[PDB]
Every structure is written in C-alpha cells, then in structure tokens.
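For reference, the structure is listed below as structure tokens.
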Amino acid sequence: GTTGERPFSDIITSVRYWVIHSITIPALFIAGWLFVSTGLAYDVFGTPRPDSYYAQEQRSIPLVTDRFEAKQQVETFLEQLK
Amino acid sequence: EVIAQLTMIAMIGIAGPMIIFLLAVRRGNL
Amino acid sequence: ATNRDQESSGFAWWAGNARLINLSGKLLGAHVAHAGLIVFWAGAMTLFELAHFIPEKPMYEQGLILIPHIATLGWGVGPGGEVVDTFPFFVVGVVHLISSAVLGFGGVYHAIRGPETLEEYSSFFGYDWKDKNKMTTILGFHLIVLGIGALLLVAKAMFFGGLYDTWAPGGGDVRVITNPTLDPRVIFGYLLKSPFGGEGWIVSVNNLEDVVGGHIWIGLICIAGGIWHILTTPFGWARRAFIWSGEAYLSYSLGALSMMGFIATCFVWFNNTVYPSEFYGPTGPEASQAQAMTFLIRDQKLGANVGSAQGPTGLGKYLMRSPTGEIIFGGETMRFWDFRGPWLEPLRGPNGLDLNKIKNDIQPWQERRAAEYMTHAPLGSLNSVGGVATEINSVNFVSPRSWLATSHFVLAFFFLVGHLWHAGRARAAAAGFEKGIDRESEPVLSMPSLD
Amino acid sequence: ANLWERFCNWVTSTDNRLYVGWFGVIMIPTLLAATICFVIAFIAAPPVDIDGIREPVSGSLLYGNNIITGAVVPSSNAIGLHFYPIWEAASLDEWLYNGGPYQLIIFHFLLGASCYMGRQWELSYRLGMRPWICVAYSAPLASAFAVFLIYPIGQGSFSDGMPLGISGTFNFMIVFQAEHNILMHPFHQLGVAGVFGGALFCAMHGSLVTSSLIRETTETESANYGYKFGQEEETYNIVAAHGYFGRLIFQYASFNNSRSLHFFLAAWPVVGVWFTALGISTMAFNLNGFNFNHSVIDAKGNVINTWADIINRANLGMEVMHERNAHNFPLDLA
Amino acid sequence: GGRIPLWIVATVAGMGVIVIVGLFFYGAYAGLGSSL
Amino acid sequence: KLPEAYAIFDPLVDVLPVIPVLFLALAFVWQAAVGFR
Amino acid sequence: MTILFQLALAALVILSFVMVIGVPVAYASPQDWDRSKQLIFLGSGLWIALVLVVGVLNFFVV
Amino acid sequence: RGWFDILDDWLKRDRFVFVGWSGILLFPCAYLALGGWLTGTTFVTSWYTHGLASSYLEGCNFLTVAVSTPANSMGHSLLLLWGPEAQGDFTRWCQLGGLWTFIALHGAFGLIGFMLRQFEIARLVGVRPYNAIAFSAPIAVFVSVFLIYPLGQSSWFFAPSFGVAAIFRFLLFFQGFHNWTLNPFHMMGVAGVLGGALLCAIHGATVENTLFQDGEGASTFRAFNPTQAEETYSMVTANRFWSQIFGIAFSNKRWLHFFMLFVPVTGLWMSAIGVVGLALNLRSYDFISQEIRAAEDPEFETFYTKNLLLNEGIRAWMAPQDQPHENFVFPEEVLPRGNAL
Amino acid sequence: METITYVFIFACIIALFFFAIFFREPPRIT
Ligand code: CLA
Ligand code: CLA
Ligand code: CLA
Ligand SMILES: C=Cc1c(C)c2cc3nc(c4c5[nH]c(cc6nc(cc1[nH]2)C(C)=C6CC)c(C)c5C(=O)[C@@H]4C(=O)OC)[C@@H](CCC(=O)OC/C=C(\C)CCC[C@H](C)CCC[C@H](C)CCCC(C)C)[C@@H]3C
Ligand SMILES: CC1=C(/C=C/C(C)=C/C=C/C(C)=C/C=C/C=C(C)/C=C/C=C(C)/C=C/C2=C(C)CCCC2(C)C)C(C)(C)CCC1
Ligand SMILES: CC1=C(/C=C/C(C)=C/C=C/C(C)=C/C=C/C=C(C)/C=C/C=C(C)/C=C/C2=C(C)CCCC2(C)C)C(C)(C)CCC1
Ligand SMILES: CC1=C(/C=C/C(C)=C/C=C/C(C)=C/C=C/C=C(C)/C=C/C=C(C)/C=C/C2=C(C)CCCC2(C)C)C(C)(C)CCC1
Ligand SMILES: CC1=C(/C=C/C(C)=C/C=C/C(C)=C/C=C/C=C(C)/C=C/C=C(C)/C=C/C2=C(C)CCCC2(C)C)C(C)(C)CCC1
Ligand code: OEX
Ligand SMILES: [Cl-]
Ligand SMILES: [Cl-]
Ligand SMILES: [Fe+2]
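Chains as they are written, first to last, in PDB author numbering: chain e, 3 to 84; chain y, 17 to 46; chain c, 23 to 473; chain a, 11 to 344; chain j, 5 to 40; chain k, 10 to 46; chain z, 1 to 62; chain d, 12 to 352; chain t, 1 to 30.
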C-alpha cells in the first residue's frame, strides 16, 4: 500500500522540485569544490599537501611513537618542515 | 583542443536523445 | 501496436528483440543496421588508430589492433614491417565508415518504414523459419558469398600485392604467393593434427603458401556447398535430428561463433605467421625464449661456455634436452621449446639448437630482436602498466596479443552460454513447455516413482 | 522393436534411478576413469617432478602426506602442453615420475563434467521442464575449465594448472596473486561479490521463508512436518515476509514476486562466478590486476606508498620464493 | 504533479553521472595519483 | 597522423569509435520514452 | 584548392548531421511521408555526391 | 496515555522508513560509521600512523583509499576525541587514527541496532525472528575480526583498516603470518560461504526451471500473484530431476529453506572462532610430523613445505613497510629469495 | 596407521553415499 508520503516519481517530475534543486545541488557541489580549492580541507583534516610529506632532504616518515606525547609529536614534525 | 573533443561529443551525444524528443512532439511512431 | 508491447507479442521489453521473430522485414532492418555498426567501428577505429599512430614506435607499443591486420595483407608496409605508406590505412578506414552510412540508411529504412513483414511483398525475400528448402537456400547464398570472400584473400596474395611474410628472408617483407599448397594431404593434414603441445592443430600453420592454399580449398568448398544447399533439401535423417525454428538456428550459430572465438583466441596467442610479431608484439612463448637467448648471448660474450654450464638443478643453465632430446633453451622456458620464429630458426640444426651456430653465427639483429621481444613480453596490468604484476609504474604497455586473446575468450565464453540458453529454449519451445509445466498434465505425475 | 531401439529407450528412460541419457553415455566412463585414477594416485602415487627440474613433490598419503597436504601433482613443466597418455611413456614408472595421472584425471574430468552439464539439459527435456539449470552449472564448470585447462594453455604448461590437493590449491592461489595481482582484478572482485552476495542471499531467503512458516505443527514436533511432499499449497506466507522485509529496509527494496525473487537468487552468484571464471581465463593471457605501484608521488618525486604498495611487497615475497630452484633468468615471464 | 517526463530526468541524470565518473577516470591519468 | 588535410578533424576523430556504444544507450532512452511497454 | 576541399568536407559533416537526426524523425512521423520524400532523396544525392567530390579533391591536397 | 506510550506510538508508525526504538540506536551509529568512512577515505591521511596516503585528496582511487588503523603506539586506546591523546583537537584526532575507532565503535553499536531492529519489526509484524538470528553470523564476524583480533594483538594497528586494498593486505598478512588457509575453522567458513552461494544459485535455478505455466506469455514473471495459495513451481518435478541427476534431492520445502539459513550462518561462525584463535597467534601453522621429516630429509617436499616458503617470503618482504613502527632493517643479503628472482 | 585411518573414513563416506541414494526414505506424495 501507501505509507502516505508523496510518491517520488511525482516529486522529481514536478517543476517546483527542480526550481528548488537546480540551485541547491550545484551550490553544494561548488561548496565542496571550494572546500578543496580553498585548501581548507587540508588544514581541517591535517592532510599533507604534496609539498609537506617530507622535509626537503629527509627520507624518513613522521611516524608517531608515543601514546600520550603523540599530539606533541605530530606538532613538532610539522615545525621541522619550515 | 580537448573542448573540440568535448564539443563534438557534446553534440554527437545529444543527437540521440533529441531524435526521441522530436518524434515525441510529433506524436511520432516510437 | 504492431507487436511492440508486451501484451501482444508475449515478450517484455528486456526481451523485446524476440518480438521480431516472425516479422521478417523489421528483423532484416535490425541485422543491416547492426551490420551498420560493425562496419562503422571498423572505420572509426582505424582512423582513430591512424590519428594516434607514430611510425617510429612499434605497432605493438601503441595499442593498435586493426592497422596490424591491414599490414599483414601487405599494405603500407615494407621490409622488416617498417611502415612506408600510411595512406592505405586511411583508405580502409574511410571506405568502411562511409559504407556504414549506406548500411545505416538501409537498416533504419527496413526497421521503421519498410514492410514489417516481407512474405506478401515478394515471394523471394520473404521467408518462413520452418521452410526447410528456403532456409538452406539462404544458407546456400551466404555460403557462396563466404566462398568468394576467401578467394579475395587468395586474390590479394597471388595477383594484387601479396601478404606480409614474417618468414621471408631479410627479416621479413611483403611477397607474392605463386605456389599455394593444394595437396590436400597438407591442407587437411592440419585439421587432423593434435591440438596439444608440439602439434597445435591448425594454429600451427607457419607459412603463407599453406595459408593461401587453404583459402583456395575453403573458397571452393563454400561455393560448392552454397550450390548444394540451394539445389537440395535436407534429407530424412537431418530433418529428424534438428529443431527447425528461428531460435534454434540462432542457437546453432552461437555455437559456431563460440567455437570460433576460442580458436581465434589461441591463434592470436600462439601463431606468429598470420599474426606477425613485427606487428602484434611477440607471443608469450616467444618472449620467454627471447630472454633465454638474451642471457645466453651476454654470458657467452663474457666467456661462458653455455653448452656445459650446469645450473642449480643439475639441468643446463642455458641449454638442455626436451623430453624427445632436442636441444632447447633451459630454465622455465623449457615448456616453450615448441616455439618457432624467424629470429631463432637460423640457429637450429637437426638436433635442435646447434652449439656451433650459437658460438659463431649469432648476428646482432638476432640480439636486438631477442632483447626487444623479451622486454615486450605480453604481460601487463589492466590499466596498461607493462611488465610483471610487481613492476613499478613507468612503461605504458599491454600486448595486442593480450587484448585480442582476452577479449575474444570472454566473447566466446558468453556465446557458448548463449548457445545453451537458446538451444535449450528452442527445444522446450518446439516441444511446448517453455513457459512452464502444465498443471493439468504434469508429466512426472504419470511416471512411476523411482523407489 | 529392434535391438537398437530397445537400447535407445533404456538410455533415455526417465524410469532409471539415475538418469543415463546420451551425455550420460560419455559422462559415466570418463568420470569413473577420473575417479578411480585420482583415488589411487592420491593414496599411493610416488613423487612427481612438477616443475621439470628433477625436484619431485610428494603428493600421496603413503609418501608422507595427510589429507590436508596431499595432492595429485600437476605434470612436468618439461612436458608443457604436450599430450602425455600412458601409451606415450616408456613405462608406468616414467609416467608417474612425470605426472601423468594429472593429465588423465583432468581430461577425463573436464570431459565428464561437461557431459554432466549436458545431462542436466537432457533430463530437463525428458521431464517437460524449462532447460536453464544447466546454464547455472556453467559457472562452476567454467571455473574448473579455467584452473585446469585455460590457465595452463595461456601459460604454456599443465605444470601451472591447479593441483588436485587441499594445500596444492593454496599454492596455486598464492603464486597466482604474485604473478597476476588477482586481488586487484575487478573480475575477481566480482567473484567475491558473487559468493559473499550468494551466501548473504542464501541466508536471507532461508531466514525469511523460515520466518514465515505457517503454524501447522506443535512446539514438540519439528516445524518441518508442517510441509507434506507434493502438497498443493504453500507452507509460508510470502506476503508476511515481504511485510517484514519491506519494513526492515523499505517497501520496494523487497520482493513480492516469488519468480522475480528466485530468478535473482539464480542470477547473482552465477553472474559473479562467471566473471571470476573469466578473470582466471583472461589473466591466463597475462591481462593482470590493476597496478598502482608508486602511483602517488609528492611534489619532489618521493614515492608516497599507499595500501597498493604494501600489497606489492607481499606479492614480491611470493614472487621471489616460489619455485625457488626453477628460474635462471631475472623475469618470470610465464 | 508530473510536469517533467520521467525519461527526460533519467537521461539528464545519467549524462550527469557519466560526466562525473568520466572526470574521475580522467583524474587517474592527470595530476595526483597518475604515477607521473 | 591523418593526412594534414584532415588534421582539423582530429578531435572528431578521437570521439568517433565510441559512437556505437551510444546506440545501446539510445535504445534505453527510447524504451524509457515508451515506458518499457 | 585547399580551401574548396575543406568546404566540401564540412558540407559532408553538416548534412550527415542533418541527415542523422532528420531521416529517423522523417520516417516515424506519419504526416510528411510525402512532404519529406523529397527532402531525404535530395539530401541523399547530396550526401553521395559530396563523398565523391571530397574523394576527388583529396587527390589534389592529401 | 502515559508519555512513554505516546512516544512508542510515534516511533512504531507505519512510515516509508520505519524507526522504532531500535532506530534511536541504529540510525545515529550507522550514519556516523558510514559518514566517517566517506569522510576519512575522501579527506584523511594515514601518514603519521602508517607512512601511507589513503584519501582521494592525496590522490588515491577507490581501490586504495582507506580509513587506516591508528598507530601501534596507541595500544588499544579508545582514542576518544576528548581523551588524553588528542585532547579535543579534531585535526589531531584524524591524524592519530581516531576515525578508525570512531567507525569501529559506532559501526558495532549500529550492528546491534540493526539486529534489534530485526527483532522489533518481526515482533510487531508477527513473524518468527530467524532473520535476526541469521544476522548473528555477520556480527560474530565483525566482532571477531575488528575487535577481538586486535585486542589480542599488540594494538589496533593490526586490525583491518577500512579500505578495499587495505583488506587485501590483511588477507595476505594472514596468509604469511598466520597461515590462515590451513586453519580448519576458515576451511569450514569457506565451505559455508561457497556452499551458501551454491544453495543460492541451485535453488533459484531450480524454481525458475520447474515453474508451472500459470500465464500465457514468454515472460513468466507475470504469472505470479503473491496472494495465491498455490506453489508457483513443482516440488515433485524438482525432486525427481535432482534425485535422477544427483542421486538425492530435497523433498521438504521447510528443511530446504532452513538449510539455506544454516549453511552460510554456520560457516561464518566457524570462521570467527578461528580468528579468535589468531587474536592469540594460536594458529594452525605447521604440521609437526612434516617438519620433523623435512628437517631430516632434504628430498621430502610437499605442497605444505612449498607454501611455508612462500609465507616466509611474504613476512620478510612485506614487514619493514607494513609495520613501520618496528624499524626493521633487512639488508639485501638476508632477504629470502630463490634463484634468479 | 594414519594412512589407514584417512582411507577408512573416506571409504565409510563412499558407503554412506550408496545407502543415502539407494536406501533413502522414498519421497511420496501425501
Ligand atoms: C555454414 C555452414 C553450413 C551449415 C550451417 C550447413 C548446414 C547443413 N548442412 Mg551443409 N554443407 C556446407 C556448409 C554448411 N551446411 C558446405 C560448405 C558443404 C560442402 C562441403 C556442405 C555439404 C552438405 C551435405 C553434403 C549435406 C549437408 C547437410 C546439411 C544439413 C545437416 C547438417 C548436419 O547434420 O550437420 C553435421 C551434423 C552431423 C550429425 C554430421 C555428423 C558427422 C560428425 C559428427 C561431424 C564432423 C563431420 C566433418 C565433415 C568432419 C570433421 C572435421 C574435423 C577434422 C575437425 C544442414 C542444413 C546435409 C543435408 O541434409 O544436405 C541436403 C547433407 O547431406 N551439407
Ligand atoms: C543493435 C541494436 C538493436 C537493433 C538494431 C534493434 C532493432 C529493433 N528493435 Mg530492439 N532493443 C535493443 C537493441 C536493438 N534493437 C536493446 C538493447 C533493447 C533493450 C532496451 C531493445 C528493445 C526492444 C523492444 C522493447 C522492441 C524493439 C524493437 C525493435 C524493432 C523496431 C524498433 C522501433 O519501432 O523503433 C522505434 C523507435 C524510433 C522510431 C526512435 C528512433 C529509432 C531510430 C532507429 C534511430 C536511428 C538513429 C541513427 C543515428 C540514424 C541516422 C543514420 C542515417 C543517416 C543513416 C527494430 C528492428 C521493437 C519491435 O520488435 O517491434 C515489433 C520493440 O517493440 N527492441
Ligand atoms: C542483405 C541485405 C538486404 C536485403 C536482403 C534487402 C532486401 C530488400 N530490400 Mg533493402 N536495403 C538494404 C539491404 C537489403 N535489402 C540496404 C543496405 C539498403 C540501403 C542502401 C536498402 C534499401 C532499401 C529500400 C529503400 C527499399 C528496399 C527494398 C527491399 C526489397 C526489394 C529489394 C530489391 O528489389 O532489390 C533488387 C536488387 C537489385 C536491383 C540488385 C542490385 C543491388 C546491389 C547493387 C547489388 C550489389 C551487391 C554487392 C556488390 C555485394 C556486396 C555488398 C556489401 C556487403 C559489400 C527486399 C525485401 C524495397 C522495399 O521494401 O519495397 C517496399 C525498398 O523500397 N531496401
Ligand atoms: C563483505 C560481505 C558482506 C557485506 C558487505 C554485507 C552487508 C550486509 N548484510 C546485511 C544483512 C545480512 N547479512 C546476512 C548474512 C550474511 N552477510 C554476509 C556478508 C556480507 N554482508 C554473509 C557472507 C552472510 C552469510 C551468513 C543476513 C542474514 C542479513 C540481513 O538480514 C541483512 C540485510 O538486510 O541484508 C540484505 C545488511 C545489513 C545492513 C546494516 O547493518 O545496515 C546498518 C549499517 C551499519 C550498522 C553500519 C555498519 C558499519 C560497518 C560494520 C563498518 C564500517 C564500514 C564502512 C562504512 C565501509 C567500509 C568499506 C571498506 C571495508 C571497503 C548489509 C547489506
Ligand atoms: C560518423 C559521423 C557522424 C555521425 C554520427 C552518428 C551516427 C551519431 C550518432 C549518435 C548517437 C547514436 C547518439 C546517441 C546518444 C545516446 C545517449 C547519450 C543516451 C544516453 C542514455 C542514458 C544516460 C540513459 C539513461 C537511463 C534511462 C533512460 C533509463 C534507465 C536508466 C538510465 C540511466 C540507463 C557525423 C554526423 C557527426 C558526421 C561526422 C562523422
Ligand atoms: C533500429 C534501431 C536502433 C539501431 C540503430 C542503428 C544500429 C543505427 C545504425 C546506423 C548507422 C550505421 C549509421 C551510419 C552513420 C554514418 C555516417 C553519418 C558517416 C558519415 C561519415 C563522414 C561524414 C565522413 C567524413 C570524414 C572523412 C571522409 C574523412 C575523415 C574525416 C571525416 C571522418 C569527417 C536502435 C537500437 C538505436 C533503437 C531501436 C531501433
Ligand atoms: C583456411 C586455412 C586452412 C584450411 C582450413 C580448412 C580446410 C578447414 C575446414 C574445416 C572443416 C572441414 C571443419 C568441419 C567442421 C565440423 C563441425 C564443426 C561439425 C559439427 C557437428 C555437429 C554440430 C553435430 C552435432 C550433432 C550430433 C553429433 C548428433 C545429432 C545432433 C547434432 C546434429 C546436433 C589451413 C588450416 C590449412 C591453413 C590456414 C588457413
Ligand atoms: C565523521 C564525523 C562526523 C560526521 C560526518 C558525516 C555525517 C559525514 C557525512 C558524509 C557523507 C554522507 C558523505 C557522502 C558522500 C558520498 C559519496 C562520495 C558518493 C559518491 C558516489 C559515487 C561516486 C558513485 C557513483 C556511481 C558509481 C561509482 C558506479 C555505479 C553508478 C554510480 C553513479 C552510482 C561528525 C560531524 C560527527 C564530526 C566527527 C567526525
Ligand atoms: O611453474 Mn608454476 O609458476 Ca607461472 O611463473 Mn614462471 O611459471 Mn613457474 O614461475 Mn612463476
Ligand atoms: Cl611454489
Ligand atoms: Cl628461467
Ligand atoms: Fe525459495
């Protein structure tokens, strides 16, 4: 039967539907685009940029080796990139 | 250059859906 | 609603081409239109390969499957397989692509505008699937058309240029064939060879004379079978053996196509005569033999006596005996001692590889070919990283022999499934229980229990 | 009638406890030769020089194996793809040394199982059934053809077919991952989705039909006696299992057509096992799993490993150890 | 309630994904992750 | 390379071989049009 | 005449494109089976001639 | 009407997506397990935990992205965002592996929620809860593989990371360190999954090829009304077919669908037990009798000894980079290798 | 003794096959 809601085939063929979402969808796409194009996603999540995996002449990985000094450990490897 | 690539395929690909669109206006024989 | 809905034809949309079984005219449209697409692709693809072709790279470094087919027929190519004129490729391409539009035109005509059914418009082009005489008549015409096709190939080899002969001396050249082989002891000897190692059935055909000869035979066989069938009707024994329906005929041809795809798969993988390695890259066996050659040459240059070098296992490190005693390359490549190619045969004597020829007569073109083929061995990843599975990214290569073999095994497998599907269904349909079991007559219910 | 007709009518009798049929005429002898040989070799066959390097692998129980380690060992690499019937050997001793039972077993077996497939069609015809069960069996059959026939062909040797053994199978899989990165191949990914999905849908359907058995028994007897063989009626409430399952997810992710539901059960595992049989068949021609080794590099050019590089380190460990005495030259090109 | 035919939204949607995925397969050969 | 005469058609030539796959897709556009009757 | 060869060759493409869309619509529209009989017949001769015309011009520029 | 009963009314309403009391556990935890997987595979690295890229941002594709396990140096920390390690710093929590525990633990409570939901819906609809019972096997698998196994090991590092190729690595780790293929509990699991798929295919194919003719078209899907009394296919003809093809057949439709539940559910449970074993390195790695012979008889070779040699290759070639926190340094000369390769 | 044990269990299973097929409970239609 029908739980009672408006059928989907009915909403997405409606114009009012596409009036609303011809804006919001592309907008969300652009928001997410910008999230990465602003470089903002890098600093939120702490993800290295292609130039920040290593120091210029270092060949070893900033692996974390302490449970409680770990936050401090990551912060000090970041200082050693400048 | 690659817009040439995309513009040709843009038009080639829409040619199909369009035929169906035309024959539907004309109450054509789909 | 001329068929075209599920209510009238009995078939849903996902099986809608079954709506055409007894609509000879629309069905004619679909075949030609589809023939349209095949010739289209032959055309578009060739021009795409031409637009992407650099004559300085081997054909096989460039991802080409069709131009190598054109080069094998002796167009646009010189000694060693060097590309000397690209214009013939362009012609093959344009003509097919052009042709596809007339094909295109004709199929879309018949599928839409033309008569849905033909049998009242002309007694000759109309047909009924159950008309045993009319069916062998169509079969007969197409046999003759195929017979002609095979003779076009003879015609190109004997009168219109020749074929590329990888075995022609001076590293291979285009060559006219003048003594095709007609001895049926050879031509049909091939069909009687084992398909197993060292024999290879018809995949072993290693010279153009045998190829051209075999197409004379098959061309005349086909033409003579066309006539036979146009004039005859199936005899009692054949009538009682088969299902006479449109679906059954389809299932018999899916059967044939499957068989053929599988033979093609092995042809392109093992055969380096009508798939010259100049164009297609080396075979799997050829590459592996080429590596043994490469390191024989290098070590011997350093001072190694390669005939007396005992490797770790006790077997020769470079040379050993096949199980029938032939001298063959050692190491894992022992499995590939059946390989034959123009770069390697100069070193062969009556007992296999000849050590005096190894120590004295290896030319630098053989070192080059052997090094080239060992580093273009048909190994590569789906995304076209070349080499073994553990190779690093760098080389963008997958052998045309891999592409053509994998693709055609896949296609042959699914056409075997198509056979069983439509063969099974043809039998049920003919017997009348393809839509299921009759409740009022369920056959098992009249049968005695098994126990 | 005449003698030949009596025989034909017996061969095709739908009254024999086991259906024979024309396919059965070939199947029975070939499976029997394959089964007798295999059973005897598994127990008593002497060591087999699989890799052609005069380094024989013991596969049989009497030569120090157990059920898990035992195998009928693939024939010699020296043989490659040559046919090696018993009559081609100078002696049984030679034939055993070189792995002849393997060839005899798998040829008779492929042949016997192909006719088994045909036999499935044949009896469905004599019984008035629809015919496509045999199509379902084609997925398992094709899988067998791949490890026993196609993969040897592309690689040039039955020495690289799958061994007839529990640990031999594992050997085959490991060497396959290192030589083809089969885990990174989509057709094998499709095989896993095939068999996980098949197992999932098996458990779902069984659980869903079982959930909706109609009370026809008491709490002391087996629910199973609520169903009598050949009973006209259904013994579960599909409406009720749709109602349960449509609510578990939502109404239309659930089936209410028994036929569509059952065709989905057939098709999911068959398709995916087709793809993974096709995966072994195309890697047989060295079209291998995706390679992303050193696919990420940084602004200077350092390799930034990903999980694909870690898989490669494992792969490489298999590569360099497998058949440790069999390679003289730096690439394992088959 | 049904002013835009469904097949139309279908084709549009499809060409929508076809594009986005095409982009991702393109990205496998360009910039980050291309081995280059 | 094509003959330089047809160089200007290189981008249309790059796309031509995928055209036959659109025919398959065009069939589904068509049956959605007739509503999979 | 490098200029008259590219002329004709687009005449083929623009005409192909027209005929590719137009011929199927024409066919399954019942009204102008006669209004359009002429169109496609003429486009067709136009198409064919143009192939030939491009086909000969190639041999003055290719 | 008490307020509890009013809330029960709303939660158990017939809507397009049923909520229930179970939903209060189910939907938040599932959305965040999901969402955290999507977030981590899209944007988060494994650089400080593993020396690895693991997100689309870094240029990984769908096969190579992962939410990777936290560093071995974390032990078995819950890795709470407000906990001693990350101290409420969301950026640092991503970099130290918090999302892994975040996914692992919400995912676990989500599975609970899902099973409770199966119970809740069965009870209101009036059906037996064999489906919830069936879902016990995925739960045993998840719990055994993602929780028990690392809790037995040195840390969460060695649990599976959440990625396509990460899981492939885990398979291969398990071959080369645990010799998992040789473990009868996995072998029972293999049998139950491949046997489940067999039952799945053979039962669907049998139904579709013993249908009664209940309509008149060639699309046989339309000849079924879910309210019909009648069996849509013939148990009788199915039984004869399989008795004659295979020797034996099902005759009882109830046992048949019960057996379909049992086989794969029982196999996943056996596999789980074996992984509990491996939590402790309690492996079926060796056959002692083979090793005593092998060590004394250099001509004795079996597929068992050949596979251990492979295992040794995997361990040594893959460990330095797979367990970077160990600072394994293996000079070329110690790396086991056959000839030439 | 281990070889004999594996062969004995295997032989029992092959006998089981026999009885399971030929001495099954006959299915009947009630
Ligand atoms: C497209 C190709 C094709 C097809 C589909 C057919 C189809 C048919 N032919 Mg025709 N035929 C063809 C080409 C073809 N023919 C050609 C080219 C010739 C000339 C050589 C003939 C000569 C010919 C004759 C003389 C006869 C047929 C007959 C028939 C009918 C029965 C076929 C039959 O029993 O198959 C084969 C099925 C069998 C059961 C045959 C059993 C023999 C074994 C099992 C098969 C192998 C035989 C093969 C010759 C040797 C194998 C080679 C090996 C080394 C690989 C059927 C309509 C018969 C008929 O009714 O004619 C009017 C008949 O008598 N055909
Ligand atoms: C090679 C592919 C192929 C071909 C050739 C056909 C051909 C045919 N189909 Mg099948 N079909 C296919 C794939 C194919 N189909 C697939 C993949 C599906 C599954 C979705 C179906 C599902 C299906 C159903 C459900 C039915 C058919 C039917 C038909 C027939 C009549 C179609 C009709 O009325 O069109 C009407 C459509 C139109 C008028 C719209 C436009 C169509 C034209 C052909 C487009 C041409 C485009 C092209 C670019 C033209 C320019 C080239 C020119 C310059 C040369 C026709 C013979 C029908 C049938 O059997 O009739 C009884 C039918 O009912 N088919
Ligand atoms: C196998 C393909 C095939 C078949 C069997 C038919 C059969 C038929 N068509 Mg179709 N048709 C086809 C392809 C096909 N056509 C193609 C490709 C086109 C587009 C070019 C057309 C366009 C078309 C139209 C527009 C009409 C028909 C009509 C007819 C009917 C009359 C045929 C006639 O009088 O020809 C008589 C035969 C000749 C005059 C012989 C000359 C034909 C050529 C030049 C022979 C050359 C053969 C060639 C060299 C071999 C190689 C071909 C290629 C593969 C390389 C008949 C049912 C008519 C119809 O249905 O009436 C209502 C109709 O009006 N057809
Ligand atoms: C890899 C294989 C596999 C997967 C992916 C899977 C998945 C599923 N099975 C379900 C059900 C079932 N599975 C069953 C038996 C089985 N299921 C099996 C194997 C699988 N089952 C097998 C082999 C069996 C045989 C016994 C039964 C009997 C059922 C059901 O009744 C039920 C159903 O309706 O399915 C049709 C669904 C539970 C829905 C749910 O919990 O939503 C809620 C989602 C939650 C709580 C989030 C979980 C978070 C997970 C655990 C961790 C994070 C995962 C990341 C988001 C993604 C990581 C991806 C990388 C690993 C690549 C879900 C579709
Ligand atoms: C050669 C040439 C040419 C021609 C071309 C052609 C011939 C074209 C065609 C084209 C085509 C042929 C097109 C088509 C298209 C198609 C499309 C693009 C489609 C898509 C699809 C989709 C997307 C769908 C969707 C859906 C539906 C509807 C339903 C279900 C779901 C889905 C999603 C599936 C020209 C002129 C240029 C000139 C030059 C050269
Ligand atoms: C029926 C039908 C169908 C089908 C269809 C078909 C299959 C089609 C075909 C068709 C075709 C088959 C077409 C053709 C086309 C062609 C064209 C249109 C061509 C043209 C060309 C050109 C124009 C060229 C030019 C050039 C040159 C010369 C040189 C270089 C450059 C270029 C390339 C530019 C479908 C399924 C869809 C649907 C339903 C119905
Ligand atoms: C070109 C060439 C050549 C030649 C070729 C030839 C000469 C071949 C032929 C071919 C042939 C000569 C084949 C035949 C075929 C056969 C078949 C394929 C058969 C089939 C059969 C069937 C199918 C049957 C069935 C049945 C039975 C048995 C019983 C009853 C039922 C039925 C009828 C179903 C060579 C190699 C020198 C070189 C290269 C190129
Ligand atoms: C974690 C976290 C959180 C949460 C989060 C979440 C909630 C998230 C969300 C997220 C999401 C929710 C996401 C989503 C996304 C999705 C995606 C990414 C999609 C994509 C897909 C695709 C790409 C697909 C496509 C395709 C394919 C591939 C094939 C087939 C076809 C199709 C078209 C389907 C919070 C806040 C608490 C904070 C803390 C942490
Ligand atoms: O044998 Mn069995 O495994 Ca196929 O790669 Mn080459 O060969 Mn041997 O090495 Mn790796
Ligand atoms: Cl090995
Ligand atoms: Cl080697
Ligand atoms: Fe069922």
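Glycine residues also receive a C-beta, built at the ideal position from the N, C-alpha and C atoms.
Beta-carbon proximity check, residue i vs residue j, cutoff 8 Å
i                         : j                            : result
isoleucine 224 of chain c : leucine 242 of chain c       : no
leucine 10 of chain j     : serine 24 of chain e         : no
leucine 72 of chain a     : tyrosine 6 of chain t        : no
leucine 275 of chain a    : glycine 215 of chain d       : yes
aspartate 308 of chain a  : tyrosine 55 of chain e       : yes
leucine 114 of chain a    : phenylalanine 158 of chain a : no
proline 90 of chain c     : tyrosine 302 of chain c      : yes
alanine 77 of chain d     : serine 172 of chain d        : yes
Residues bridged to residue i [DSSP beta-bridge criterion]
i                         : result
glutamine 332 of chain c  : c:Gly338
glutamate 241 of chain d  : a:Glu243
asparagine 298 of chain a : c:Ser403
residue 474 of chain c    : With chain c running from 23 to 473 in the structure shown, residue 474 of chain c is simply not present.
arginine 370 of chain c   : c:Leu375
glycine 174 of chain d    : d:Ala77
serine 57 of chain d      : d:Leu63
Uninterrupted alpha helix (DSSP H) stretches inside the segment 142-192 of chain c (no shorter than 4 residues): 154-180
The segment 39-58 of chain c touching the segment 130-142 of chain c, judged by at least three CB pairs closer than 8 Å: yes
The segment 273-291 of chain c contacting the segment 367-385 of chain c, beta-carbon criterion three pairs below 8 Å: With the cut-off at 8 Å, the segment 273-291 of chain c and the segment 367-385 of chain c do not touch.
Contact the segment 299-318 of chain d vs the segment 231-242 of chain a: 3+ CB pairs below 8 Å: no
Segment contact flag, the segment 148-157 of chain a with the segment 52-64 of chain a, C-beta cutoff 8 Å, min 3 pairs: Contact check between the segment 148-157 of chain a and the segment 52-64 of chain a: fewer than three CB pairs, one atom from each, fall below 8 Å, which does not count as touching.
Given 8 Å, three or more beta-carbon pairs between the segment 14-31 of chain z and the segment 27-44 of chain y: yes
Beta carbon shell of ligand 8 at less than 5 Å from a heavy atom: j:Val21, d:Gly46, d:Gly47, d:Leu49 and d:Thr50
Within the segment 288-325 of chain d, ranges of the alpha helix (DSSP H) (whole runs, at least 4 residues): 299-307
The segment 313-324 of chain a in contact with the segment 165-183 of chain d per 3-pair CB rule at 8 Å: yes
Contact the segment 248-257 of chain c vs the segment 417-424 of chain c: 3+ CB pairs below 8 Å: Counting Cβ pairs under 8 Å, fewer than three are found: no touch.
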